[PDB]
$ cat target-v6.cif   # mmCIF, C-alpha atoms; chains and numbers go by the auth columns
data_model
loop_
_atom_site.group_PDB
_atom_site.id
_atom_site.type_symbol
_atom_site.label_atom_id
_atom_site.label_comp_id
_atom_site.label_asym_id
_atom_site.label_seq_id
_atom_site.Cartn_x
_atom_site.Cartn_y
_atom_site.Cartn_z
_atom_site.B_iso_or_equiv
_atom_site.auth_seq_id
_atom_site.auth_asym_id
ATOM 1 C CA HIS A 1 8.162 -119.124 -1.089 0.00 159 A
ATOM 2 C CA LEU A 2 6.004 -119.747 -4.180 0.00 160 A
ATOM 3 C CA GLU A 3 3.512 -117.436 -2.472 0.00 161 A
ATOM 4 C CA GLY A 4 6.440 -115.020 -2.246 0.00 162 A
ATOM 5 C CA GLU A 5 7.130 -115.145 -5.979 0.00 163 A
ATOM 6 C CA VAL A 6 3.464 -114.530 -6.772 0.00 164 A
ATOM 7 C CA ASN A 7 3.597 -111.592 -4.419 0.00 165 A
ATOM 8 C CA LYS A 8 6.658 -110.264 -6.236 0.00 166 A
ATOM 9 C CA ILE A 9 4.987 -110.537 -9.656 0.00 167 A
ATOM 10 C CA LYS A 10 2.059 -108.548 -8.272 0.00 168 A
ATOM 11 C CA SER A 11 4.385 -105.808 -7.083 0.00 169 A
ATOM 12 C CA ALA A 12 6.231 -105.807 -10.406 0.00 170 A
ATOM 13 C CA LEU A 13 2.982 -105.558 -12.411 0.00 171 A
ATOM 14 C CA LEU A 14 1.712 -102.687 -10.296 0.00 172 A
ATOM 15 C CA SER A 15 4.961 -100.925 -11.150 0.00 173 A
ATOM 16 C CA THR A 16 4.472 -101.630 -14.873 0.00 174 A
ATOM 17 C CA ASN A 17 0.920 -100.214 -14.662 0.00 175 A
ATOM 18 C CA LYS A 18 2.379 -97.050 -13.176 0.00 176 A
ATOM 19 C CA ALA A 19 4.835 -96.881 -16.039 0.00 177 A
ATOM 20 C CA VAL A 20 1.951 -97.038 -18.542 0.00 178 A
ATOM 21 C CA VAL A 21 -0.045 -94.300 -16.756 0.00 179 A
ATOM 22 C CA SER A 22 2.850 -91.862 -16.695 0.00 180 A
ATOM 23 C CA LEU A 23 3.634 -92.541 -20.365 0.00 181 A
ATOM 24 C CA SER A 24 -0.029 -91.788 -21.106 0.00 182 A
ATOM 25 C CA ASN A 25 0.310 -88.497 -19.251 0.00 183 A
ATOM 26 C CA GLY A 26 3.331 -87.754 -21.442 0.00 184 A
ATOM 27 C CA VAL A 27 1.308 -88.355 -24.602 0.00 185 A
ATOM 28 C CA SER A 28 -1.557 -86.136 -23.369 0.00 186 A
ATOM 29 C CA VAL A 29 0.802 -83.183 -22.732 0.00 187 A
ATOM 30 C CA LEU A 30 2.397 -83.627 -26.160 0.00 188 A
ATOM 31 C CA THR A 31 -1.009 -83.818 -27.786 0.00 189 A
ATOM 32 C CA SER A 32 -1.940 -80.482 -26.188 0.00 190 A
ATOM 33 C CA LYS A 33 1.234 -78.901 -27.535 0.00 191 A
ATOM 34 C CA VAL A 34 0.580 -80.212 -31.036 0.00 192 A
ATOM 35 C CA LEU A 35 -2.874 -78.583 -31.034 0.00 193 A
ATOM 36 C CA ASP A 36 -1.495 -75.364 -29.542 0.00 194 A
ATOM 37 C CA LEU A 37 0.812 -75.438 -32.580 0.00 195 A
ATOM 38 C CA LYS A 38 -1.865 -75.764 -35.261 0.00 196 A
ATOM 39 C CA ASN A 39 -3.610 -72.808 -33.582 0.00 197 A
ATOM 40 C CA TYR A 40 -0.322 -70.906 -33.699 0.00 198 A
ATOM 41 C CA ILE A 41 -0.076 -71.867 -37.450 0.00 199 A
ATOM 42 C CA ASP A 42 -3.728 -70.849 -38.181 0.00 200 A
ATOM 43 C CA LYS A 43 -3.348 -67.519 -36.284 0.00 201 A
ATOM 44 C CA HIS B 1 3.901 -127.104 -13.106 0.00 159 B
ATOM 45 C CA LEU B 2 2.518 -124.233 -10.998 0.00 160 B
ATOM 46 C CA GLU B 3 6.152 -123.140 -10.738 0.00 161 B
ATOM 47 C CA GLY B 4 6.118 -123.337 -14.536 0.00 162 B
ATOM 48 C CA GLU B 5 3.134 -121.009 -14.860 0.00 163 B
ATOM 49 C CA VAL B 6 4.737 -118.477 -12.523 0.00 164 B
ATOM 50 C CA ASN B 7 7.837 -118.690 -14.652 0.00 165 B
ATOM 51 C CA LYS B 8 5.754 -118.042 -17.763 0.00 166 B
ATOM 52 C CA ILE B 9 4.086 -114.965 -16.242 0.00 167 B
ATOM 53 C CA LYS B 10 7.545 -113.613 -15.434 0.00 168 B
ATOM 54 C CA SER B 11 8.644 -114.068 -19.027 0.00 169 B
ATOM 55 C CA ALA B 12 5.433 -112.486 -20.306 0.00 170 B
ATOM 56 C CA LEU B 13 5.802 -109.455 -18.000 0.00 171 B
ATOM 57 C CA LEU B 14 9.401 -108.907 -19.035 0.00 172 B
ATOM 58 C CA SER B 15 8.118 -108.809 -22.603 0.00 173 B
ATOM 59 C CA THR B 16 5.424 -106.268 -21.663 0.00 174 B
ATOM 60 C CA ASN B 17 8.083 -104.091 -19.975 0.00 175 B
ATOM 61 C CA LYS B 18 10.043 -104.150 -23.216 0.00 176 B
ATOM 62 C CA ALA B 19 6.933 -103.085 -25.074 0.00 177 B
ATOM 63 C CA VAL B 20 6.562 -100.070 -22.753 0.00 178 B
ATOM 64 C CA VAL B 21 10.227 -99.031 -23.150 0.00 179 B
ATOM 65 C CA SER B 22 10.106 -99.081 -26.934 0.00 180 B
ATOM 66 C CA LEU B 23 6.828 -97.133 -26.958 0.00 181 B
ATOM 67 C CA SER B 24 8.538 -94.567 -24.717 0.00 182 B
ATOM 68 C CA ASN B 25 11.377 -94.326 -27.221 0.00 183 B
ATOM 69 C CA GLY B 26 8.751 -93.696 -29.901 0.00 184 B
ATOM 70 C CA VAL B 27 7.264 -90.824 -27.906 0.00 185 B
ATOM 71 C CA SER B 28 10.708 -89.269 -27.294 0.00 186 B
ATOM 72 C CA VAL B 29 11.522 -89.227 -31.039 0.00 187 B
ATOM 73 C CA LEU B 30 8.131 -87.692 -31.831 0.00 188 B
ATOM 74 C CA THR B 31 8.607 -85.097 -29.125 0.00 189 B
ATOM 75 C CA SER B 32 11.924 -84.080 -30.707 0.00 190 B
ATOM 76 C CA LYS B 33 10.244 -83.688 -34.085 0.00 191 B
ATOM 77 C CA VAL B 34 7.467 -81.554 -32.625 0.00 192 B
ATOM 78 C CA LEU B 35 10.045 -79.157 -31.145 0.00 193 B
ATOM 79 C CA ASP B 36 12.078 -79.155 -34.363 0.00 194 B
ATOM 80 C CA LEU B 37 8.794 -78.026 -35.943 0.00 195 B
ATOM 81 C CA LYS B 38 8.108 -75.063 -33.659 0.00 196 B
ATOM 82 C CA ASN B 39 11.689 -73.943 -34.385 0.00 197 B
ATOM 83 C CA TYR B 40 10.968 -74.322 -38.097 0.00 198 B
ATOM 84 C CA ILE B 41 7.754 -72.224 -37.531 0.00 199 B
ATOM 85 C CA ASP B 42 9.605 -69.531 -35.476 0.00 200 B
ATOM 86 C CA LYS B 43 12.473 -69.318 -38.037 0.00 201 B
ATOM 87 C CA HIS C 1 -6.455 -120.713 -4.267 0.00 159 C
ATOM 88 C CA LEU C 2 -2.803 -120.110 -5.217 0.00 160 C
ATOM 89 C CA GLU C 3 -3.861 -121.342 -8.656 0.00 161 C
ATOM 90 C CA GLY C 4 -6.567 -118.683 -8.392 0.00 162 C
ATOM 91 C CA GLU C 5 -4.080 -115.891 -7.719 0.00 163 C
ATOM 92 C CA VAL C 6 -1.938 -116.963 -10.670 0.00 164 C
ATOM 93 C CA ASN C 7 -5.063 -116.918 -12.771 0.00 165 C
ATOM 94 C CA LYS C 8 -5.830 -113.396 -11.569 0.00 166 C
ATOM 95 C CA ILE C 9 -2.334 -112.132 -12.427 0.00 167 C
ATOM 96 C CA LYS C 10 -2.790 -113.547 -15.925 0.00 168 C
ATOM 97 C CA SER C 11 -6.055 -111.677 -16.336 0.00 169 C
ATOM 98 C CA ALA C 12 -4.505 -108.486 -14.970 0.00 170 C
ATOM 99 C CA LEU C 13 -1.507 -108.722 -17.335 0.00 171 C
ATOM 100 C CA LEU C 14 -3.726 -109.289 -20.348 0.00 172 C
ATOM 101 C CA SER C 15 -5.496 -106.084 -19.358 0.00 173 C
ATOM 102 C CA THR C 16 -2.170 -104.224 -19.079 0.00 174 C
ATOM 103 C CA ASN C 17 -1.188 -105.485 -22.559 0.00 175 C
ATOM 104 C CA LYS C 18 -4.431 -104.045 -23.885 0.00 176 C
ATOM 105 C CA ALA C 19 -3.603 -100.752 -22.232 0.00 177 C
ATOM 106 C CA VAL C 20 -0.235 -100.678 -24.037 0.00 178 C
ATOM 107 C CA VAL C 21 -1.788 -101.477 -27.444 0.00 179 C
ATOM 108 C CA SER C 22 -4.364 -98.712 -27.214 0.00 180 C
ATOM 109 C CA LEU C 23 -1.723 -96.206 -26.078 0.00 181 C
ATOM 110 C CA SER C 24 0.317 -97.238 -29.128 0.00 182 C
ATOM 111 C CA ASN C 25 -2.698 -96.566 -31.328 0.00 183 C
ATOM 112 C CA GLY C 26 -2.906 -93.123 -29.720 0.00 184 C
ATOM 113 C CA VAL C 27 0.720 -92.391 -30.591 0.00 185 C
ATOM 114 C CA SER C 28 0.241 -93.551 -34.208 0.00 186 C
ATOM 115 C CA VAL C 29 -2.725 -91.182 -34.735 0.00 187 C
ATOM 116 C CA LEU C 30 -0.774 -88.288 -33.217 0.00 188 C
ATOM 117 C CA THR C 31 2.217 -89.090 -35.382 0.00 189 C
ATOM 118 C CA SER C 32 0.007 -88.890 -38.483 0.00 190 C
ATOM 119 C CA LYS C 33 -1.279 -85.490 -37.400 0.00 191 C
ATOM 120 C CA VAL C 34 2.233 -84.184 -36.803 0.00 192 C
ATOM 121 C CA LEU C 35 3.227 -85.141 -40.363 0.00 193 C
ATOM 122 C CA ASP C 36 -0.004 -83.718 -41.784 0.00 194 C
ATOM 123 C CA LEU C 37 1.136 -80.516 -40.053 0.00 195 C
ATOM 124 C CA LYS C 38 4.609 -80.301 -41.587 0.00 196 C
ATOM 125 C CA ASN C 39 2.913 -80.783 -44.977 0.00 197 C
ATOM 126 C CA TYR C 40 0.513 -77.976 -44.083 0.00 198 C
ATOM 127 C CA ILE C 41 3.607 -75.846 -43.112 0.00 199 C
ATOM 128 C CA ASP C 42 5.517 -76.740 -46.346 0.00 200 C
ATOM 129 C CA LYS C 43 2.432 -76.053 -48.548 0.00 201 C
ATOM 130 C CA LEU D 1 14.956 -69.570 -30.677 0.00 451 D
ATOM 131 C CA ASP D 2 12.561 -69.426 -27.693 0.00 452 D
ATOM 132 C CA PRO D 3 14.399 -71.339 -25.012 0.00 453 D
ATOM 133 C CA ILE D 4 11.877 -70.718 -22.295 0.00 454 D
ATOM 134 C CA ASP D 5 8.893 -72.231 -23.971 0.00 455 D
ATOM 135 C CA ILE D 6 10.810 -75.166 -25.268 0.00 456 D
ATOM 136 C CA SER D 7 12.291 -75.761 -21.850 0.00 457 D
ATOM 137 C CA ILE D 8 8.924 -75.888 -20.100 0.00 458 D
ATOM 138 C CA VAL D 9 7.278 -78.301 -22.557 0.00 459 D
ATOM 139 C CA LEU D 10 10.390 -80.484 -22.789 0.00 460 D
ATOM 140 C CA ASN D 11 10.667 -80.755 -19.007 0.00 461 D
ATOM 141 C CA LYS D 12 7.017 -81.646 -18.477 0.00 462 D
ATOM 142 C CA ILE D 13 7.197 -84.361 -21.154 0.00 463 D
ATOM 143 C CA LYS D 14 10.687 -85.570 -20.310 0.00 464 D
ATOM 144 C CA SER D 15 9.797 -85.945 -16.666 0.00 465 D
ATOM 145 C CA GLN D 16 6.868 -88.280 -17.562 0.00 466 D
ATOM 146 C CA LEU D 17 9.008 -90.467 -19.871 0.00 467 D
ATOM 147 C CA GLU D 18 11.833 -90.615 -17.319 0.00 468 D
ATOM 148 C CA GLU D 19 9.328 -91.553 -14.624 0.00 469 D
ATOM 149 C CA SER D 20 7.897 -94.289 -16.899 0.00 470 D
ATOM 150 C CA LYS D 21 11.364 -95.695 -17.442 0.00 471 D
ATOM 151 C CA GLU D 22 12.148 -95.778 -13.718 0.00 472 D
ATOM 152 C CA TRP D 23 8.954 -97.711 -12.976 0.00 473 D
ATOM 153 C CA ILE D 24 9.987 -100.210 -15.634 0.00 474 D
ATOM 154 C CA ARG D 25 13.458 -100.471 -14.080 0.00 475 D
ATOM 155 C CA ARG D 26 11.778 -101.093 -10.772 0.00 476 D
ATOM 156 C CA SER D 27 9.590 -103.813 -12.338 0.00 477 D
ATOM 157 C CA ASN D 28 12.574 -105.555 -13.959 0.00 478 D
ATOM 158 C CA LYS D 29 14.581 -105.277 -10.776 0.00 479 D
ATOM 159 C CA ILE D 30 11.853 -106.983 -8.751 0.00 480 D
ATOM 160 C CA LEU D 31 11.509 -109.619 -11.409 0.00 481 D
ATOM 161 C CA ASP D 32 15.222 -110.372 -11.191 0.00 482 D
ATOM 162 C CA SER D 33 14.679 -111.347 -7.531 0.00 483 D
ATOM 163 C CA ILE D 34 12.660 -114.418 -8.524 0.00 484 D
ATOM 164 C CA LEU E 1 6.139 -82.618 -50.432 0.00 451 E
ATOM 165 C CA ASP E 2 9.466 -83.634 -48.833 0.00 452 E
ATOM 166 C CA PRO E 3 9.393 -87.402 -48.997 0.00 453 E
ATOM 167 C CA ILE E 4 12.851 -87.915 -47.614 0.00 454 E
ATOM 168 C CA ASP E 5 12.388 -86.169 -44.337 0.00 455 E
ATOM 169 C CA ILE E 6 8.996 -87.632 -43.765 0.00 456 E
ATOM 170 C CA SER E 7 10.302 -91.079 -44.565 0.00 457 E
ATOM 171 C CA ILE E 8 13.121 -90.911 -42.026 0.00 458 E
ATOM 172 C CA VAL E 9 10.980 -89.670 -39.121 0.00 459 E
ATOM 173 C CA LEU E 10 8.122 -92.039 -39.969 0.00 460 E
ATOM 174 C CA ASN E 11 10.449 -95.043 -40.101 0.00 461 E
ATOM 175 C CA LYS E 12 12.166 -94.268 -36.807 0.00 462 E
ATOM 176 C CA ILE E 13 8.804 -93.841 -35.050 0.00 463 E
ATOM 177 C CA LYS E 14 7.012 -96.646 -36.861 0.00 464 E
ATOM 178 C CA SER E 15 9.771 -99.082 -36.052 0.00 465 E
ATOM 179 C CA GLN E 16 9.387 -98.358 -32.289 0.00 466 E
ATOM 180 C CA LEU E 17 5.579 -98.794 -32.353 0.00 467 E
ATOM 181 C CA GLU E 18 5.853 -101.979 -34.426 0.00 468 E
ATOM 182 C CA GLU E 19 8.468 -103.306 -32.014 0.00 469 E
ATOM 183 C CA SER E 20 6.175 -102.462 -29.057 0.00 470 E
ATOM 184 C CA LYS E 21 3.334 -104.357 -30.679 0.00 471 E
ATOM 185 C CA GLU E 22 5.468 -107.445 -31.312 0.00 472 E
ATOM 186 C CA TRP E 23 6.556 -107.575 -27.668 0.00 473 E
ATOM 187 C CA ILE E 24 2.895 -107.429 -26.690 0.00 474 E
ATOM 188 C CA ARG E 25 2.100 -110.239 -29.140 0.00 475 E
ATOM 189 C CA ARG E 26 4.892 -112.211 -27.569 0.00 476 E
ATOM 190 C CA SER E 27 3.474 -111.535 -24.081 0.00 477 E
ATOM 191 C CA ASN E 28 -0.046 -112.611 -25.089 0.00 478 E
ATOM 192 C CA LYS E 29 1.294 -115.663 -26.857 0.00 479 E
ATOM 193 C CA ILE E 30 3.155 -116.810 -23.746 0.00 480 E
ATOM 194 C CA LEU E 31 0.109 -116.122 -21.653 0.00 481 E
ATOM 195 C CA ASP E 32 -1.987 -118.332 -23.917 0.00 482 E
ATOM 196 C CA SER E 33 0.295 -121.252 -22.966 0.00 483 E
ATOM 197 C CA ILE E 34 -0.996 -121.251 -19.384 0.00 484 E
ATOM 198 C CA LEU F 1 -9.945 -71.266 -34.600 0.00 451 F
ATOM 199 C CA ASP F 2 -11.034 -74.443 -36.440 0.00 452 F
ATOM 200 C CA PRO F 3 -13.090 -76.277 -33.863 0.00 453 F
ATOM 201 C CA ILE F 4 -14.130 -79.090 -36.130 0.00 454 F
ATOM 202 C CA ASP F 5 -10.721 -80.334 -37.046 0.00 455 F
ATOM 203 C CA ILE F 6 -9.405 -80.007 -33.563 0.00 456 F
ATOM 204 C CA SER F 7 -12.418 -81.827 -32.207 0.00 457 F
ATOM 205 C CA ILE F 8 -11.984 -84.832 -34.487 0.00 458 F
ATOM 206 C CA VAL F 9 -8.261 -85.325 -33.807 0.00 459 F
ATOM 207 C CA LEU F 10 -8.666 -84.685 -30.075 0.00 460 F
ATOM 208 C CA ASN F 11 -11.495 -87.211 -29.794 0.00 461 F
ATOM 209 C CA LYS F 12 -9.672 -89.951 -31.682 0.00 462 F
ATOM 210 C CA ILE F 13 -6.560 -89.498 -29.518 0.00 463 F
ATOM 211 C CA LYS F 14 -8.389 -88.866 -26.260 0.00 464 F
ATOM 212 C CA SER F 15 -10.486 -91.966 -26.705 0.00 465 F
ATOM 213 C CA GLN F 16 -7.319 -94.136 -27.011 0.00 466 F
ATOM 214 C CA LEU F 17 -5.694 -92.620 -23.887 0.00 467 F
ATOM 215 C CA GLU F 18 -8.934 -92.921 -21.904 0.00 468 F
ATOM 216 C CA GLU F 19 -9.270 -96.531 -23.029 0.00 469 F
ATOM 217 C CA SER F 20 -5.645 -97.204 -21.972 0.00 470 F
ATOM 218 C CA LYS F 21 -6.343 -95.761 -18.548 0.00 471 F
ATOM 219 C CA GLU F 22 -9.465 -97.882 -18.053 0.00 472 F
ATOM 220 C CA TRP F 23 -7.562 -101.073 -18.877 0.00 473 F
ATOM 221 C CA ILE F 24 -4.987 -100.070 -16.282 0.00 474 F
ATOM 222 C CA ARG F 25 -7.756 -99.424 -13.743 0.00 475 F
ATOM 223 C CA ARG F 26 -9.100 -102.844 -14.546 0.00 476 F
ATOM 224 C CA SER F 27 -5.633 -104.380 -14.042 0.00 477 F
ATOM 225 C CA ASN F 28 -5.138 -102.647 -10.678 0.00 478 F
ATOM 226 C CA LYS F 29 -8.629 -103.573 -9.584 0.00 479 F
ATOM 227 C CA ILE F 30 -8.013 -107.258 -10.289 0.00 480 F
ATOM 228 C CA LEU F 31 -4.691 -107.052 -8.544 0.00 481 F
ATOM 229 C CA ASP F 32 -6.368 -105.644 -5.445 0.00 482 F
ATOM 230 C CA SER F 33 -8.383 -108.888 -5.218 0.00 483 F
ATOM 231 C CA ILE F 34 -5.269 -110.903 -4.360 0.00 484 F
#

$ encode --input "target-v6.cif" --output "structure tokens"
Amino acid sequence: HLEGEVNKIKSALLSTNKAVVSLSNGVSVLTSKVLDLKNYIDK
Amino acid sequence: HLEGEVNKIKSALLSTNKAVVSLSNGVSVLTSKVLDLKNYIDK
Amino acid sequence: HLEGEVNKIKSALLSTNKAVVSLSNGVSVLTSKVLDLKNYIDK
Amino acid sequence: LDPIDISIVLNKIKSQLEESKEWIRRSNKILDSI
Amino acid sequence: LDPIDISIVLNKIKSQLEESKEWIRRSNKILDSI
Amino acid sequence: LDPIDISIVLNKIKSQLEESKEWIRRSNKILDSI
């Protein structure tokens, strides 16, 4: 019961962590495109 | 008491989730501006 | 024991919060560079 | 316009942000079962 | 310079990052009450 | 190319994303001890 709730919070936090990782992967892709774009400007 | 602490962690995690969502909305706006900027470069 | 697990979830969430903050600082730097780049385009 | 290059970047990025939002929805949903 | 267009983008983005940081501060604050 | 200016931006940003990922790994690791 209370053990159950704790277990649920653990599952919910693992899902939040996965949200943060995938947002990070979004920012890394976008960063690459921004640098591809300065190169495009320079050249 | 211990039920209280569990309840507090739940409130804290809901607030973290809201932090992740709004950061995501930040990245979506910025992404739009980066693509508006390639278009500006192209044109 | 169950108090221990609660304590662990608290430590884990504080670490997730720190992940979100540093990702936010990443997005702020990138935002600055994107605006430096429109200025570079304009000038 | 260059629809192909915009499409590919937008879809990589959009699919990460949409995936992040679904994980959040999952986390909230589980938290509503407490 | 084009202060108007920079201002509008910066304020939309900055207001999302500032909101994210306040939610975190809220989460830490609640966690310090345990 | 302008390797110096790309290097400095990339390293500031990359060091924030790498730090975010290590905090997550820390959070998962602690959660695997439950």

$ resolve_selection --input "target-v6.cif" --expression "the PyMOL selection byres ((chain E and resi 468) around 12)" --output "list in words"
residues 177, 178, 180, 181, 183 and 184 of chain B; 179, 182, 183, 185 and 186 of chain C; 460, 461, 462, 463, 464, 465, 466, 467, 469, 470, 471, 472, 473, 474 and 475 of chain E

$ axis_aligned_box --input "target-v6.cif" --around "segment 458-463 of chain E" --padding-each-side "4 Å" --output "lines of an AutoDock Vina configuration file"
center_x = 10.6
center_y = -92.4
center_z = -38.5
size_x = 13.0
size_y = 13.4
size_z = 15.0

$ atom_distance --input "target-v6.cif" --atom1 "atom CA of residue 479 of chain D" --atom2 "atom CA of residue 173 of chain A"
10.6 Å

$ calpha_fit_and_write --input "target-v6.cif" --fixed "chain E" --moving "chain F" --output "PDB file with C-alpha atoms, in the coordinates of the input"
ATOM      1  CA  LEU F 451       6.138 -82.618 -50.433  1.00  0.00           C
ATOM      2  CA  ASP F 452       9.466 -83.634 -48.833  1.00  0.00           C
ATOM      3  CA  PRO F 453       9.393 -87.402 -48.997  1.00  0.00           C
ATOM      4  CA  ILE F 454      12.851 -87.915 -47.614  1.00  0.00           C
ATOM      5  CA  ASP F 455      12.388 -86.168 -44.337  1.00  0.00           C
ATOM      6  CA  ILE F 456       8.997 -87.632 -43.765  1.00  0.00           C
ATOM      7  CA  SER F 457      10.302 -91.080 -44.564  1.00  0.00           C
ATOM      8  CA  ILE F 458      13.121 -90.911 -42.026  1.00  0.00           C
ATOM      9  CA  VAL F 459      10.980 -89.670 -39.121  1.00  0.00           C
ATOM     10  CA  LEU F 460       8.122 -92.039 -39.969  1.00  0.00           C
ATOM     11  CA  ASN F 461      10.449 -95.044 -40.101  1.00  0.00           C
ATOM     12  CA  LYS F 462      12.166 -94.268 -36.807  1.00  0.00           C
ATOM     13  CA  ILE F 463       8.804 -93.841 -35.050  1.00  0.00           C
ATOM     14  CA  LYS F 464       7.012 -96.646 -36.861  1.00  0.00           C
ATOM     15  CA  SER F 465       9.771 -99.083 -36.052  1.00  0.00           C
ATOM     16  CA  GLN F 466       9.387 -98.358 -32.289  1.00  0.00           C
ATOM     17  CA  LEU F 467       5.579 -98.793 -32.353  1.00  0.00           C
ATOM     18  CA  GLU F 468       5.854-101.979 -34.426  1.00  0.00           C
ATOM     19  CA  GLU F 469       8.468-103.306 -32.014  1.00  0.00           C
ATOM     20  CA  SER F 470       6.175-102.462 -29.057  1.00  0.00           C
ATOM     21  CA  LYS F 471       3.334-104.357 -30.679  1.00  0.00           C
ATOM     22  CA  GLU F 472       5.468-107.445 -31.312  1.00  0.00           C
ATOM     23  CA  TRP F 473       6.555-107.576 -27.667  1.00  0.00           C
ATOM     24  CA  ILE F 474       2.895-107.429 -26.691  1.00  0.00           C
ATOM     25  CA  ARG F 475       2.100-110.240 -29.140  1.00  0.00           C
ATOM     26  CA  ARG F 476       4.892-112.211 -27.569  1.00  0.00           C
ATOM     27  CA  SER F 477       3.474-111.536 -24.081  1.00  0.00           C
ATOM     28  CA  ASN F 478      -0.046-112.611 -25.089  1.00  0.00           C
ATOM     29  CA  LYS F 479       1.294-115.663 -26.857  1.00  0.00           C
ATOM     30  CA  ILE F 480       3.154-116.810 -23.746  1.00  0.00           C
ATOM     31  CA  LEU F 481       0.109-116.122 -21.654  1.00  0.00           C
ATOM     32  CA  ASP F 482      -1.987-118.332 -23.917  1.00  0.00           C
ATOM     33  CA  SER F 483       0.296-121.252 -22.966  1.00  0.00           C
ATOM     34  CA  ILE F 484      -0.996-121.251 -19.384  1.00  0.00           C
TER      35      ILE F 484
END

$ resolve_selection --input "target-v6.cif" --expression "the PyMOL selection byres ((chain B and resi 169) around 12)" --output "JSON, numbers by chain"
{"A": [167], "B": [162, 163, 164, 165, 166, 167, 168, 170, 171, 172, 173, 174, 175, 176], "C": [168, 171], "D": [478, 481, 482, 484], "E": [473, 474, 476, 477, 478, 479, 480, 481, 483]}

$ atom_distance --input "target-v6.cif" --atom1 "atom CA of residue 454 of chain E" --atom2 "atom CA of residue 452 of chain F"
29.6 Å

$ atom_distance --input "target-v6.cif" --atom1 "atom CA of residue 194 of chain B" --atom2 "atom CA of residue 451 of chain D"
10.7 Å

$ calpha_fit_and_write --input "target-v6.cif" --fixed "chain C" --moving "chain A" --output "compact mmCIF listing (two decimals) with C-alpha atoms, keeping the file's coordinate frame"
# COMPACT_ATOMS: atom_id res chain seq x y z
CA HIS A 159 -6.46 -120.71 -4.27
CA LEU A 160 -2.80 -120.11 -5.22
CA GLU A 161 -3.86 -121.34 -8.66
CA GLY A 162 -6.57 -118.68 -8.39
CA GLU A 163 -4.08 -115.89 -7.72
CA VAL A 164 -1.94 -116.96 -10.67
CA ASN A 165 -5.06 -116.92 -12.77
CA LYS A 166 -5.83 -113.40 -11.57
CA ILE A 167 -2.33 -112.13 -12.43
CA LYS A 168 -2.79 -113.55 -15.92
CA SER A 169 -6.05 -111.68 -16.34
CA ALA A 170 -4.51 -108.49 -14.97
CA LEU A 171 -1.51 -108.72 -17.33
CA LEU A 172 -3.73 -109.29 -20.35
CA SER A 173 -5.50 -106.08 -19.36
CA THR A 174 -2.17 -104.22 -19.08
CA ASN A 175 -1.19 -105.48 -22.56
CA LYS A 176 -4.43 -104.04 -23.88
CA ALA A 177 -3.60 -100.75 -22.23
CA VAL A 178 -0.23 -100.68 -24.04
CA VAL A 179 -1.79 -101.48 -27.44
CA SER A 180 -4.36 -98.71 -27.21
CA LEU A 181 -1.72 -96.21 -26.08
CA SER A 182 0.32 -97.24 -29.13
CA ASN A 183 -2.70 -96.57 -31.33
CA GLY A 184 -2.91 -93.12 -29.72
CA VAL A 185 0.72 -92.39 -30.59
CA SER A 186 0.24 -93.55 -34.21
CA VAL A 187 -2.73 -91.18 -34.74
CA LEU A 188 -0.77 -88.29 -33.22
CA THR A 189 2.22 -89.09 -35.38
CA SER A 190 0.01 -88.89 -38.48
CA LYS A 191 -1.28 -85.49 -37.40
CA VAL A 192 2.23 -84.18 -36.80
CA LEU A 193 3.23 -85.14 -40.36
CA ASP A 194 0.00 -83.72 -41.78
CA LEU A 195 1.14 -80.52 -40.05
CA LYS A 196 4.61 -80.30 -41.59
CA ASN A 197 2.91 -80.78 -44.98
CA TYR A 198 0.51 -77.98 -44.08
CA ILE A 199 3.61 -75.85 -43.11
CA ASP A 200 5.52 -76.74 -46.35
CA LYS A 201 2.43 -76.05 -48.55
